[PDB]
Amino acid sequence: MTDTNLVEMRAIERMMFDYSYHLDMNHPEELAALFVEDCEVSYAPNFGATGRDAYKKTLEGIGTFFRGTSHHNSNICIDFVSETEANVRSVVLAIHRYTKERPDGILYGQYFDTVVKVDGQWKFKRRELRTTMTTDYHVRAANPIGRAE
């Protein structure tokens, strides 16, 4: 209902923010706690993770290849399938300060997510990053946003 939808929108947004916080803090175990076992992550047509352990592996090196990151998540649009499943579209600005000497790398992106509520906690079941564009960035492959020509 209305009440349920409003409260859960807040909870979903909070989880997404906790995710970005723990990412900028280099807390990979906290990050993995926000994904179900049977998850999928897609960062490019030939790059992602199937299942939580594979996802954990994608987190390796956050602490070593970057001196810092800053994630700014906005434009969050939530459509409930049910009270324990929602589809989310959002915008991300992610700045990366590398450990190697090179300009900061900027990702302008969209996330297409499905989140599920389990034992009182929202978690990611699927995340699909679509890359709007990048600057001085370290990843070449990407899922396009599908901009009309």
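Position 1 is the first residue in the sequence shown; the rest follow in order.
J.: Going by the average Cα B-factor in the PDB entry, point out whether 92-100 or 106-114 comes out higher.
T.: Taking the mean C-alpha B-factor of 92-100 and of 106-114, the larger value falls to 92-100.
J.: Which wins on mean Cα temperature factor, 82-90 or 46-54?
T.: According to the PDB entry, the answer is 46-54.
J.: Among 9, 141, 15, 133, where is the Cα B factor highest in this entry?
T.: Checking the PDB record, the top C-alpha B-factor among 9, 141, 15, 133 is at 141.
J.: Would the CA B-factor of residue 26 place it in the lowest, middle or highest third of its chain?
T.: CA B-factor rank for residue 26: middle third.
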